$ cat start.tsv   # TSV, C-alpha atoms and all ligand atoms
chain	number	residue	atom	x	y	z
A	1	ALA	CA	140.05	-51.45	121.41
A	2	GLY	CA	136.75	-52.13	119.67
A	3	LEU	CA	134.40	-54.92	120.64
A	4	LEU	CA	135.71	-57.04	123.50
A	5	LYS	CA	137.39	-60.20	122.26
A	6	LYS	CA	135.33	-63.28	123.12
A	7	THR	CA	138.38	-65.48	123.72
A	8	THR	CA	142.12	-64.89	123.51
A	9	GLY	CA	142.81	-68.22	121.78
A	10	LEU	CA	144.62	-69.70	124.80
A	11	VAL	CA	142.69	-71.83	127.28
A	12	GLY	CA	143.15	-70.76	130.89
A	13	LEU	CA	144.01	-67.27	129.70
A	14	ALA	CA	141.04	-64.93	130.16
A	15	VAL	CA	140.14	-61.73	128.32
A	16	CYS	CA	140.51	-58.72	130.61
A	17	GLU	CA	137.96	-56.02	129.78
A	18	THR	CA	140.15	-53.17	131.13
A	19	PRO	CA	143.58	-53.97	129.66
A	20	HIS	CA	145.08	-50.55	128.96
A	21	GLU	CA	145.01	-49.21	132.51
A	22	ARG	CA	145.82	-52.67	133.87
A	23	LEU	CA	149.04	-52.39	131.90
A	24	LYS	CA	149.39	-48.87	133.30
A	25	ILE	CA	149.13	-49.64	137.00
A	26	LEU	CA	151.19	-52.79	136.54
A	27	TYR	CA	153.94	-50.91	134.70
A	28	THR	CA	154.15	-48.29	137.43
A	29	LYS	CA	154.56	-51.09	139.96
A	30	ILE	CA	157.79	-52.47	138.48
A	31	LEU	CA	159.02	-48.88	138.35
A	32	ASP	CA	158.03	-48.62	142.02
A	33	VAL	CA	159.70	-51.86	143.13
A	34	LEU	CA	162.76	-50.95	141.04
A	35	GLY	CA	163.26	-47.99	143.38
A	36	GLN	CA	164.65	-50.23	146.12
A	37	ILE	CA	167.34	-51.60	143.80
A	38	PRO	CA	170.65	-49.68	143.57
A	39	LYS	CA	171.36	-47.42	140.62
A	40	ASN	CA	174.53	-49.30	139.64
A	41	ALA	CA	172.49	-52.50	139.21
A	42	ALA	CA	172.44	-53.84	135.66
A	43	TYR	CA	168.83	-54.96	136.20
A	44	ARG	CA	167.58	-51.42	136.84
A	45	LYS	CA	169.01	-49.82	133.71
A	46	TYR	CA	167.52	-52.59	131.57
A	47	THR	CA	164.25	-52.39	133.55
A	48	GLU	CA	163.67	-48.68	133.09
A	49	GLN	CA	164.84	-49.01	129.49
A	50	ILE	CA	161.80	-51.15	128.65
A	51	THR	CA	159.35	-50.39	131.47
A	52	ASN	CA	158.42	-46.72	131.14
A	53	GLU	CA	159.36	-46.84	127.45
A	54	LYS	CA	156.68	-49.49	127.00
A	55	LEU	CA	154.58	-47.57	129.50
A	56	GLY	CA	154.82	-44.91	126.78
A	57	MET	CA	152.35	-45.92	124.08
A	58	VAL	CA	149.98	-47.66	126.50
A	59	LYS	CA	149.77	-44.31	128.30
A	60	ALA	CA	149.55	-42.49	124.96
A	61	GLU	CA	147.82	-44.89	122.57
A	62	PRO	CA	144.64	-46.35	124.14
A	63	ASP	CA	143.58	-48.80	121.37
A	64	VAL	CA	144.73	-52.27	122.42
A	65	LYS	CA	144.22	-53.45	118.83
A	66	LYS	CA	147.01	-51.09	117.79
A	67	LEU	CA	148.84	-51.91	121.03
A	68	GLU	CA	149.41	-55.47	119.78
A	69	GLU	CA	152.09	-54.29	117.34
A	70	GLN	CA	153.30	-51.49	119.62
A	71	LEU	CA	155.03	-54.01	121.90
A	72	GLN	CA	155.37	-56.97	119.48
A	73	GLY	CA	154.41	-58.95	122.58
A	74	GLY	CA	151.38	-60.80	121.25
A	75	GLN	CA	147.90	-60.44	122.69
A	76	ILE	CA	147.45	-57.87	125.47
A	77	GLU	CA	145.68	-60.35	127.77
A	78	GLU	CA	149.01	-62.16	128.16
A	79	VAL	CA	151.18	-59.02	128.03
A	80	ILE	CA	149.72	-57.96	131.37
A	81	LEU	CA	150.33	-61.55	132.44
A	82	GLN	CA	153.90	-61.15	131.19
A	83	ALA	CA	154.15	-57.85	133.07
A	84	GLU	CA	153.03	-59.79	136.14
A	85	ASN	CA	156.03	-62.13	135.91
A	86	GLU	CA	158.31	-59.12	135.47
A	87	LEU	CA	156.82	-57.69	138.65
A	88	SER	CA	157.24	-61.18	140.10
A	89	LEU	CA	160.80	-61.39	138.75
A	90	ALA	CA	161.68	-57.98	140.20
A	91	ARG	CA	160.83	-59.34	143.64
A	92	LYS	CA	163.02	-62.40	142.99
A	93	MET	CA	166.28	-60.56	142.41
A	94	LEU	CA	165.43	-58.15	145.19
A	95	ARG	CA	166.72	-61.18	147.14
A	96	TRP	CA	169.25	-62.80	144.78
A	97	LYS	CA	171.25	-59.55	144.55
A	98	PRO	CA	173.51	-60.81	141.75
A	99	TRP	CA	175.81	-57.85	141.16
A	100	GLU	CA	178.46	-59.07	143.60
A	101	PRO	CA	181.45	-60.91	142.09
A	102	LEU	CA	181.25	-64.66	141.53
A	103	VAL	CA	180.50	-66.77	144.59
A	104	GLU	CA	183.32	-69.06	143.48
A	105	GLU	CA	185.56	-69.11	140.45
A	106	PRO	CA	185.26	-72.37	138.48
A	107	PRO	CA	187.49	-74.93	140.23
A	108	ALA	CA	190.64	-75.33	138.12
A	109	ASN	CA	190.07	-76.16	134.43
A	110	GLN	CA	186.81	-78.03	134.88
A	111	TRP	CA	185.48	-76.44	131.67
A	112	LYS	CA	187.45	-76.50	128.40
A	113	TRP	CA	185.97	-79.55	126.76
A	114	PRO	CA	187.24	-81.90	125.41
A	115	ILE	CA	189.18	-83.48	128.27
B	291	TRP	CA	209.95	-69.10	59.82
B	292	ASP	CA	206.56	-70.09	58.39
B	293	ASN	CA	207.27	-73.80	58.86
B	294	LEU	CA	208.35	-73.76	62.51
B	295	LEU	CA	205.45	-74.40	64.89
B	296	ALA	CA	207.37	-74.01	68.16
B	297	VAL	CA	210.93	-74.03	69.46
B	298	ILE	CA	212.43	-75.57	72.59
B	299	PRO	CA	214.11	-72.36	73.79
B	300	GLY	CA	217.16	-73.44	75.77
B	301	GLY	CA	216.60	-76.89	77.18
B	302	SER	CA	214.21	-79.79	77.46
B	303	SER	CA	213.16	-78.70	80.95
B	304	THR	CA	212.48	-75.21	79.62
B	305	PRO	CA	208.92	-75.04	78.22
B	306	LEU	CA	208.82	-74.85	74.44
B	307	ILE	CA	207.98	-71.48	72.89
B	308	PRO	CA	205.78	-71.03	69.78
B	309	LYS	CA	206.12	-68.49	66.97
B	310	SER	CA	203.44	-66.33	68.61
B	311	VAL	CA	205.72	-65.33	71.50
B	312	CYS	CA	209.16	-66.02	70.02
B	313	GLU	CA	208.68	-63.52	67.19
B	314	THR	CA	210.84	-60.90	68.95
B	315	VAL	CA	212.13	-62.11	72.34
B	316	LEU	CA	215.89	-62.10	72.86
B	317	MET	CA	217.54	-65.35	74.01
B	318	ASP	CA	218.67	-64.00	77.36
B	319	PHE	CA	218.04	-65.25	80.88
B	320	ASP	CA	215.83	-62.32	81.86
B	321	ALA	CA	213.75	-62.20	78.67
B	322	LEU	CA	213.41	-65.99	78.73
B	323	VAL	CA	212.18	-65.87	82.34
B	324	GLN	CA	209.48	-63.34	81.48
B	325	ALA	CA	208.72	-65.53	78.44
B	326	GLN	CA	207.55	-68.19	80.93
B	327	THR	CA	210.60	-70.34	80.13
B	328	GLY	CA	214.37	-70.34	80.58
B	329	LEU	CA	217.47	-70.04	78.44
B	330	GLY	CA	219.18	-72.78	80.46
B	331	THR	CA	221.80	-74.40	78.24
B	332	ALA	CA	220.67	-72.60	75.05
B	333	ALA	CA	219.50	-75.94	73.63
B	334	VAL	CA	217.34	-74.45	70.89
B	335	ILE	CA	215.30	-77.12	69.08
B	336	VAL	CA	213.33	-76.06	66.01
B	337	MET	CA	210.19	-77.92	65.00
B	338	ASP	CA	207.66	-77.31	62.23
B	339	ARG	CA	203.90	-77.65	61.76
B	340	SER	CA	204.21	-81.16	60.31
B	341	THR	CA	205.34	-82.62	63.63
B	342	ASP	CA	202.75	-82.69	66.41
B	343	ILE	CA	203.67	-80.85	69.61
B	344	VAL	CA	202.04	-83.60	71.68
B	345	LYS	CA	204.07	-86.36	70.02
B	346	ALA	CA	207.08	-84.07	70.39
B	347	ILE	CA	207.03	-83.82	74.18
B	348	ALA	CA	205.61	-87.35	74.28
B	349	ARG	CA	209.09	-88.69	73.60
B	350	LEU	CA	210.46	-85.92	75.82
B	351	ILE	CA	208.25	-86.76	78.80
B	352	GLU	CA	208.86	-90.46	78.16
B	353	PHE	CA	212.58	-89.76	78.51
B	354	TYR	CA	211.89	-88.00	81.81
B	355	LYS	CA	210.07	-91.09	83.08
B	356	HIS	CA	213.05	-93.15	81.89
B	357	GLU	CA	215.39	-91.03	84.04
B	358	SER	CA	213.75	-90.18	87.40
B	359	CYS	CA	215.69	-91.75	90.25
B	360	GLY	CA	212.50	-92.37	92.24
B	361	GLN	CA	213.78	-90.92	95.52
B	362	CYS	CA	210.95	-88.51	96.31
B	363	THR	CA	207.40	-89.65	95.61
B	364	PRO	CA	206.31	-86.63	93.48
B	365	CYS	CA	208.91	-87.40	90.81
B	366	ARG	CA	208.65	-91.17	91.19
B	367	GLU	CA	204.85	-91.32	90.94
B	368	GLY	CA	203.76	-88.16	89.13
B	369	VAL	CA	206.09	-88.43	86.14
B	370	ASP	CA	204.95	-91.97	85.35
B	371	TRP	CA	201.36	-90.84	85.89
B	372	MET	CA	202.17	-87.98	83.52
B	373	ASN	CA	203.44	-90.48	80.95
B	374	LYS	CA	200.27	-92.60	81.03
B	375	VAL	CA	197.79	-89.72	80.79
B	376	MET	CA	199.86	-87.96	78.13
B	377	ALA	CA	200.10	-91.20	76.15
B	378	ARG	CA	196.31	-90.98	75.93
B	379	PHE	CA	196.72	-87.33	74.91
B	380	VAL	CA	198.70	-88.46	71.85
B	381	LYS	CA	195.62	-90.21	70.49
B	382	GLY	CA	193.34	-87.96	72.53
B	383	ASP	CA	191.84	-90.32	75.15
B	384	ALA	CA	190.86	-87.62	77.64
B	385	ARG	CA	187.98	-85.23	78.29
B	386	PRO	CA	188.51	-81.44	78.21
B	387	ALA	CA	188.73	-81.26	82.01
B	388	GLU	CA	191.77	-83.58	81.96
B	389	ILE	CA	194.02	-80.75	80.75
B	390	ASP	CA	193.12	-78.89	83.94
B	391	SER	CA	193.64	-82.19	85.76
B	392	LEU	CA	197.00	-82.56	84.03
B	393	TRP	CA	197.73	-78.93	84.91
B	394	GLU	CA	196.81	-79.62	88.54
B	395	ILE	CA	199.26	-82.49	89.03
B	396	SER	CA	201.81	-80.45	87.08
B	397	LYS	CA	201.53	-77.87	89.85
B	398	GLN	CA	201.53	-80.67	92.43
B	399	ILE	CA	204.98	-82.01	91.48
B	400	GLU	CA	206.32	-78.50	90.81
B	401	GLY	CA	208.68	-77.51	93.61
B	402	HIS	CA	207.54	-80.31	95.93
B	403	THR	CA	210.33	-82.62	94.74
B	404	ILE	CA	213.70	-83.02	96.42
B	405	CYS	CA	215.49	-82.04	93.21
B	406	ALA	CA	214.66	-79.80	90.27
B	407	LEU	CA	213.95	-82.64	87.82
B	408	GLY	CA	210.42	-82.91	89.20
B	409	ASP	CA	209.71	-79.30	88.35
B	410	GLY	CA	212.04	-79.78	85.38
B	411	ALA	CA	209.30	-82.11	84.20
B	412	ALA	CA	206.48	-79.72	85.16
B	413	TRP	CA	207.68	-76.83	82.99
B	414	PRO	CA	207.61	-78.56	79.56
B	415	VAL	CA	204.10	-79.94	79.99
B	416	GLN	CA	202.98	-76.70	81.66
B	417	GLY	CA	204.17	-74.69	78.66
B	418	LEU	CA	202.47	-77.12	76.29
B	419	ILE	CA	199.19	-76.77	78.20
B	420	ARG	CA	199.20	-72.97	78.18
B	421	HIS	CA	200.16	-72.61	74.50
B	422	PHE	CA	198.65	-75.43	72.43
B	423	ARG	CA	195.45	-75.69	74.47
B	424	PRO	CA	193.07	-75.59	71.44
B	425	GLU	CA	195.23	-78.21	69.72
B	426	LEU	CA	194.62	-80.58	72.64
B	427	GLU	CA	190.87	-79.93	72.51
B	428	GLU	CA	190.63	-80.62	68.78
B	429	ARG	CA	192.93	-83.65	68.97
B	430	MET	CA	190.65	-85.08	71.65
B	431	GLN	CA	187.67	-84.12	69.47
B	432	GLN	CA	189.12	-86.20	66.64
B	433	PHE	CA	189.79	-89.05	69.08
B	434	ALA	CA	186.11	-89.37	70.01
B	435	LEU	CA	184.95	-88.65	66.46
B	436	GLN	CA	186.99	-91.34	64.69
B	437	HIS	CA	186.32	-93.85	67.51
B	438	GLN	CA	182.61	-93.05	67.83
C	1	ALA	CA	135.98	-103.41	91.08
C	2	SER	CA	134.40	-107.54	90.11
C	3	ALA	CA	131.59	-106.10	92.21
C	4	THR	CA	128.42	-105.63	90.18
C	5	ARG	CA	126.76	-102.25	89.75
C	6	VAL	CA	124.02	-103.35	92.14
C	7	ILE	CA	126.02	-103.52	95.36
C	8	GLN	CA	128.33	-100.81	94.07
C	9	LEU	CA	125.17	-98.73	94.36
C	10	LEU	CA	124.72	-100.04	97.90
C	11	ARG	CA	128.24	-98.95	98.88
C	12	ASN	CA	127.84	-95.58	97.18
C	13	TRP	CA	124.50	-94.74	98.80
C	14	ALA	CA	125.31	-96.05	102.28
C	15	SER	CA	128.68	-94.27	102.35
C	16	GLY	CA	127.25	-91.12	100.77
C	17	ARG	CA	130.12	-91.02	98.28
C	18	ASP	CA	131.37	-92.83	95.20
C	19	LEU	CA	134.06	-95.35	96.11
C	20	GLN	CA	134.82	-96.67	92.62
C	21	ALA	CA	136.77	-93.46	91.95
C	22	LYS	CA	139.43	-94.49	94.49
C	23	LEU	CA	139.71	-97.71	96.49
C	24	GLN	CA	141.88	-98.67	99.44
C	25	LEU	CA	143.35	-101.60	97.48
C	26	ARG	CA	145.70	-101.57	94.47
C	27	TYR	CA	145.27	-102.48	90.81
C	28	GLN	CA	147.13	-102.25	87.48
C	29	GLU	CA	147.99	-98.60	88.24
C	30	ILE	CA	150.98	-99.79	90.28
C	31	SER	CA	154.34	-99.58	88.51
C	32	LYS	CA	155.53	-103.07	87.62
C	33	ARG	CA	158.24	-104.65	89.75
C	34	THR	CA	160.91	-104.89	87.01
C	35	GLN	CA	161.87	-101.24	86.69
C	36	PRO	CA	164.71	-100.46	84.26
C	37	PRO	CA	168.26	-99.99	85.57
C	38	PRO	CA	169.01	-96.46	86.79
C	39	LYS	CA	171.90	-94.09	86.05
C	40	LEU	CA	172.21	-92.33	89.44
C	41	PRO	CA	174.03	-88.98	89.15
C	42	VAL	CA	177.54	-88.09	90.26
C	43	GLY	CA	178.63	-85.79	93.07
C	44	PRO	CA	178.83	-82.02	92.65
C	45	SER	CA	182.54	-82.16	93.53
C	46	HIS	CA	183.19	-85.20	91.33
C	47	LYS	CA	185.14	-83.09	88.83
C	48	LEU	CA	188.77	-84.04	88.25
C	49	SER	CA	189.67	-80.36	87.78
C	50	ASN	CA	190.45	-78.22	90.84
C	51	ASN	CA	188.73	-80.19	93.61
C	52	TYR	CA	191.17	-79.91	96.50
C	53	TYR	CA	189.79	-81.07	99.84
C	54	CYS	CA	191.50	-78.01	101.34
C	55	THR	CA	188.41	-76.09	100.18
C	56	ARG	CA	185.59	-78.24	101.61
C	57	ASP	CA	186.69	-79.11	105.16
C	58	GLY	CA	183.31	-79.34	106.88
C	59	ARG	CA	184.71	-81.30	109.81
C	60	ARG	CA	187.88	-79.19	109.90
C	61	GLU	CA	186.32	-75.74	109.40
C	62	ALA	CA	184.48	-75.96	112.73
C	63	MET	CA	185.91	-73.62	115.36
C	64	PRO	CA	185.79	-73.74	119.18
C	65	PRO	CA	182.99	-71.80	120.87
C	66	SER	CA	183.91	-68.15	120.48
C	67	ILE	CA	185.07	-66.50	123.70
C	68	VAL	CA	182.97	-63.42	124.46
C	69	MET	CA	183.02	-63.08	128.26
C	70	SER	CA	184.84	-65.15	130.89
C	71	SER	CA	185.18	-64.92	134.65
C	72	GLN	CA	188.97	-65.25	134.38
C	90	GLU	CA	174.96	-45.80	127.05
C	91	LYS	CA	173.92	-49.45	127.05
C	92	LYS	CA	170.85	-50.82	125.28
C	93	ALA	CA	168.45	-53.71	125.85
C	94	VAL	CA	168.35	-56.50	123.27
C	95	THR	CA	166.67	-59.86	122.67
C	96	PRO	CA	168.11	-63.19	121.51
C	97	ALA	CA	165.98	-62.77	118.38
C	98	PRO	CA	163.26	-60.45	117.08
C	99	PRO	CA	159.94	-61.34	118.72
C	100	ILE	CA	157.80	-63.79	116.79
C	101	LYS	CA	155.35	-62.64	114.12
C	102	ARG	CA	151.68	-63.52	114.59
C	103	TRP	CA	150.94	-65.57	111.47
C	104	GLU	CA	147.66	-64.90	109.71
C	105	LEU	CA	144.89	-67.41	109.09
C	106	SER	CA	145.23	-69.97	106.32
C	107	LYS	CA	143.75	-68.28	103.26
C	108	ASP	CA	142.74	-71.71	101.96
C	109	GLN	CA	140.56	-72.55	104.97
C	110	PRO	CA	140.55	-70.30	108.06
C	111	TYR	CA	137.85	-71.94	110.21
C	112	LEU	CA	137.19	-75.67	110.41
D	501	LIG	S1	212.57	-85.35	91.56
D	501	LIG	FE1	214.76	-85.87	91.85
D	501	LIG	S2	214.84	-86.80	93.93
D	501	LIG	FE2	212.65	-86.81	93.31
D	501	LIG	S3	212.34	-88.85	92.36
D	501	LIG	FE3	212.86	-87.43	90.66
D	501	LIG	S4	215.12	-87.62	90.43
D	501	LIG	FE4	214.59	-88.53	92.46

$ encode --input "start.tsv" --output "structure tokens"
Amino acid sequence: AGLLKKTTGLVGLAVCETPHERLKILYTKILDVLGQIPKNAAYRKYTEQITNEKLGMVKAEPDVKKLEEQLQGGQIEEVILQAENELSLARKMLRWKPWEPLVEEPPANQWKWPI
Amino acid sequence: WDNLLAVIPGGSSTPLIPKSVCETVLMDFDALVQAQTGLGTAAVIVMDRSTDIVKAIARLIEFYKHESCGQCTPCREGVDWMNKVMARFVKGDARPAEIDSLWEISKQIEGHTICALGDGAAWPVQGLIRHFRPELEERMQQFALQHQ
Amino acid sequence: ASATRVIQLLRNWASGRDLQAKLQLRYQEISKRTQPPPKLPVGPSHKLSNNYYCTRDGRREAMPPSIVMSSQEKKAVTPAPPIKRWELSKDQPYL
């Protein structure tokens, strides 16, 4: 927390003045969109393993200055940006649906370099 | 017993034994084997302090070079290589690491030959290396000292 | 060097610094071009004692890519620990 940081050190990236709850209502959203995905999905178990877990201290600890080393994710103003891509990514494999078997096995021994 | 420096136990191929180990051992196949040598043909050769062990097997290893049929390369090449490097050892023209180098090639031609002469050559020099090691170091020390 | 103290003063004042301390050219400080013969060292494995190439087989010791999964509770990991935010240079933090 403390005095609002004038600049985050990355041009284009802006300092958000309400970062803790922005992480909160983002982090709920991936948990929300994860609801559609099946339980057997490998994505979901990994998602919930780091979503509400990392929703933990941000819910508990409110000082973003201490929150830097809570997630080892760098500056908070890009962590919420990173959470945005995770929310974005969750939408992506809501369509890819990758837990089916391979579309096609690799044709003959194409791999196995050298030739 | 004071005079004798070492004794060829049972044959030229069998590594020579010094007084330090041959003070009690019985001349039998089993005791000779555990004495890092062999009874072989019971060709016991006595030799005193006055003679040099290096000049002793010098003529011995020279005879081995004069015999090898040359069929397999380890005996054909190594034994002559042994003769040249050991000829330097007589005067002492080698650094301390050459004894390990001589030991290395001695293990190289040991067993790798078609016949047992190749190892039959390894054993005498191998026994000389393991027993009169300080003698080789001081003989080489005199070589560099007198030819400084 | 040649240059008299008068215009040396002109260079020093106009540039705001003393240039006679170090100049962009060279002088007698350069090592002369007839350096004595060297005695370059020998290799670490140049010993004639145990030196078998069966030990150092850099080309040979390489192994195929290790098979771990092929087409033919759990925990979440990362390819490496996340980076550490390095601190400012103690010598000079802010230019
Ligand atoms: S070890 Fe035997 S086969 Fe080989 S070169 Fe010597 S005598 Fe010939």

$ atom_distance --input "start.tsv" --atom1 "atom CA of residue A:40" --atom2 "atom CA of residue A:101"
13.7 Å

$ residues_near_ligand --input "start.tsv" --ligand "ligand LIG 501 (chain D)" --cutoff "7 Å" --atoms "all atoms listed in the file" --output "MDAnalysis selection string"
chainID B and resid 358:366 403:408

$ residues_around --input "start.tsv" --residues "stretch 318-326 of chain B" --least-positions-apart "2" --cutoff "9 Å" --atoms "all atoms listed in the file" --output "list in words"
residues 299, 300, 304, 305, 307, 311, 312, 315, 316, 328, 329, 330, 413 and 417 of chain B

$ write_last_selection --input "start.tsv" --atoms "C-alpha atoms" --output "PDB file, in the coordinates of the input"
ATOM      1  CA  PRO B 299     214.110 -72.360  73.790  1.00  0.00           C
ATOM      2  CA  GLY B 300     217.160 -73.440  75.770  1.00  0.00           C
ATOM      3  CA  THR B 304     212.480 -75.210  79.620  1.00  0.00           C
ATOM      4  CA  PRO B 305     208.920 -75.040  78.220  1.00  0.00           C
ATOM      5  CA  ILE B 307     207.980 -71.480  72.890  1.00  0.00           C
ATOM      6  CA  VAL B 311     205.720 -65.330  71.500  1.00  0.00           C
ATOM      7  CA  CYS B 312     209.160 -66.020  70.020  1.00  0.00           C
ATOM      8  CA  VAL B 315     212.130 -62.110  72.340  1.00  0.00           C
ATOM      9  CA  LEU B 316     215.890 -62.100  72.860  1.00  0.00           C
ATOM     10  CA  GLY B 328     214.370 -70.340  80.580  1.00  0.00           C
ATOM     11  CA  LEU B 329     217.470 -70.040  78.440  1.00  0.00           C
ATOM     12  CA  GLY B 330     219.180 -72.780  80.460  1.00  0.00           C
ATOM     13  CA  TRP B 413     207.680 -76.830  82.990  1.00  0.00           C
ATOM     14  CA  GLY B 417     204.170 -74.690  78.660  1.00  0.00           C
TER      15      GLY B 417
END

$ interface_residues --input "start.tsv" --of "chain A" --to "chain C" --cutoff "8 Å" --atoms "only C-alpha atoms" --output "list in words"
residues 46, 49, 50, 72, 73, 74, 102 and 105 of chain A

$ interface_residues --input "start.tsv" --of "chain B" --to "chain C" --cutoff "7 Å" --atoms "only C-alpha atoms" --output "PDB file with C-alpha atoms, in the coordinates of the input"
ATOM      1  CA  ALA B 387     188.730 -81.260  82.010  1.00  0.00           C
ATOM      2  CA  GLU B 388     191.770 -83.580  81.960  1.00  0.00           C
ATOM      3  CA  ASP B 390     193.120 -78.890  83.940  1.00  0.00           C
ATOM      4  CA  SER B 391     193.640 -82.190  85.760  1.00  0.00           C
ATOM      5  CA  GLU B 394     196.810 -79.620  88.540  1.00  0.00           C
TER       6      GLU B 394
END

$ atom_distance --input "start.tsv" --atom1 "atom CA of residue B:336" --atom2 "atom CA of residue B:386"
28.2 Å

$ residues_around --input "start.tsv" --residues "residue C:70" --least-positions-apart "3" --cutoff "12 Å" --atoms "all atoms listed in the file" --output "short mmCIF file (atom, residue, chain, number, x, y, z; two decimals) with C-alpha atoms, in the coordinates of the input"
data_model
loop_
_atom_site.label_atom_id
_atom_site.label_comp_id
_atom_site.auth_asym_id
_atom_site.auth_seq_id
_atom_site.Cartn_x
_atom_site.Cartn_y
_atom_site.Cartn_z
CA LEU A 102 181.25 -64.66 141.53
CA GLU A 105 185.56 -69.11 140.45
CA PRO A 106 185.26 -72.37 138.48
CA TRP A 111 185.48 -76.44 131.67
CA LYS A 112 187.45 -76.50 128.40
CA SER C 66 183.91 -68.15 120.48
CA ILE C 67 185.07 -66.50 123.70
#

$ closest_residue --input "start.tsv" --among "B:392, B:317, B:334, B:369" --to "residue B:296" --atoms "all atoms listed in the file"
B:334

$ atom_distance --input "start.tsv" --atom1 "atom CA of residue B:331" --atom2 "atom CA of residue B:356"
21.0 Å

$ closest_residue --input "start.tsv" --among "B:415, B:430, B:333, B:384" --to "residue B:372" --atoms "only C-alpha atoms"
B:415

$ residues_around --input "start.tsv" --residues "residue B:416" --least-positions-apart "5" --cutoff "9 Å" --atoms "all atoms listed in the file" --output "NGL selection string"
:B and (305 or 392-393 or 396-397 or 411 or 421)

$ residues_around --input "start.tsv" --residues "residue B:294" --least-positions-apart "3" --cutoff "9 Å" --atoms "all atoms listed in the file" --output "JSON, numbers by chain"
{"B": [291, 297, 308, 309, 336, 337, 338, 339, 340]}

$ build_atoms --input "start.tsv" --residues "stretch 363-375 of chain B" --atoms "N, CA, C and O atoms" --output "PDB file, keeping the file's coordinate frame"
ATOM      1  N   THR B 363     208.623 -89.167  96.255  1.00  0.00           N
ATOM      2  CA  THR B 363     207.400 -89.650  95.610  1.00  0.00           C
ATOM      3  C   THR B 363     206.864 -88.749  94.502  1.00  0.00           C
ATOM      4  O   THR B 363     206.366 -89.303  93.507  1.00  0.00           O
ATOM      5  N   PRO B 364     206.886 -87.409  94.591  1.00  0.00           N
ATOM      6  CA  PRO B 364     206.310 -86.630  93.480  1.00  0.00           C
ATOM      7  C   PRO B 364     206.947 -86.950  92.136  1.00  0.00           C
ATOM      8  O   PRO B 364     206.231 -87.134  91.143  1.00  0.00           O
ATOM      9  N   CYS B 365     208.274 -87.062  92.081  1.00  0.00           N
ATOM     10  CA  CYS B 365     208.910 -87.400  90.810  1.00  0.00           C
ATOM     11  C   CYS B 365     208.709 -88.864  90.462  1.00  0.00           C
ATOM     12  O   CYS B 365     208.504 -89.205  89.292  1.00  0.00           O
ATOM     13  N   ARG B 366     208.765 -89.746  91.460  1.00  0.00           N
ATOM     14  CA  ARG B 366     208.650 -91.170  91.190  1.00  0.00           C
ATOM     15  C   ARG B 366     207.260 -91.536  90.680  1.00  0.00           C
ATOM     16  O   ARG B 366     207.120 -92.343  89.754  1.00  0.00           O
ATOM     17  N   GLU B 367     206.220 -90.945  91.266  1.00  0.00           N
ATOM     18  CA  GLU B 367     204.850 -91.320  90.940  1.00  0.00           C
ATOM     19  C   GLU B 367     204.237 -90.406  89.881  1.00  0.00           C
ATOM     20  O   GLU B 367     203.609 -90.886  88.933  1.00  0.00           O
ATOM     21  N   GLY B 368     204.405 -89.091  90.036  1.00  0.00           N
ATOM     22  CA  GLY B 368     203.760 -88.160  89.130  1.00  0.00           C
ATOM     23  C   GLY B 368     204.235 -88.271  87.695  1.00  0.00           C
ATOM     24  O   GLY B 368     203.423 -88.238  86.766  1.00  0.00           O
ATOM     25  N   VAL B 369     205.546 -88.407  87.492  1.00  0.00           N
ATOM     26  CA  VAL B 369     206.090 -88.430  86.140  1.00  0.00           C
ATOM     27  C   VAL B 369     205.568 -89.635  85.366  1.00  0.00           C
ATOM     28  O   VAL B 369     205.185 -89.519  84.195  1.00  0.00           O
ATOM     29  N   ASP B 370     205.549 -90.810  85.998  1.00  0.00           N
ATOM     30  CA  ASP B 370     204.950 -91.970  85.350  1.00  0.00           C
ATOM     31  C   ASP B 370     203.464 -91.757  85.109  1.00  0.00           C
ATOM     32  O   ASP B 370     202.944 -92.095  84.039  1.00  0.00           O
ATOM     33  N   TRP B 371     202.762 -91.194  86.096  1.00  0.00           N
ATOM     34  CA  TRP B 371     201.360 -90.840  85.890  1.00  0.00           C
ATOM     35  C   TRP B 371     201.226 -89.839  84.748  1.00  0.00           C
ATOM     36  O   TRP B 371     200.287 -89.921  83.948  1.00  0.00           O
ATOM     37  N   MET B 372     202.166 -88.897  84.651  1.00  0.00           N
ATOM     38  CA  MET B 372     202.170 -87.980  83.520  1.00  0.00           C
ATOM     39  C   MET B 372     202.334 -88.727  82.205  1.00  0.00           C
ATOM     40  O   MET B 372     201.672 -88.404  81.213  1.00  0.00           O
ATOM     41  N   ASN B 373     203.207 -89.736  82.179  1.00  0.00           N
ATOM     42  CA  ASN B 373     203.440 -90.480  80.950  1.00  0.00           C
ATOM     43  C   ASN B 373     202.185 -91.205  80.484  1.00  0.00           C
ATOM     44  O   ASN B 373     201.867 -91.207  79.289  1.00  0.00           O
ATOM     45  N   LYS B 374     201.456 -91.829  81.412  1.00  0.00           N
ATOM     46  CA  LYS B 374     200.270 -92.600  81.030  1.00  0.00           C
ATOM     47  C   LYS B 374     199.168 -91.690  80.503  1.00  0.00           C
ATOM     48  O   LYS B 374     198.583 -91.965  79.449  1.00  0.00           O
ATOM     49  N   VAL B 375     198.864 -90.607  81.222  1.00  0.00           N
ATOM     50  CA  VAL B 375     197.790 -89.720  80.790  1.00  0.00           C
ATOM     51  C   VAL B 375     198.163 -89.003  79.501  1.00  0.00           C
ATOM     52  O   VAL B 375     197.309 -88.779  78.635  1.00  0.00           O
TER      53      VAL B 375
END
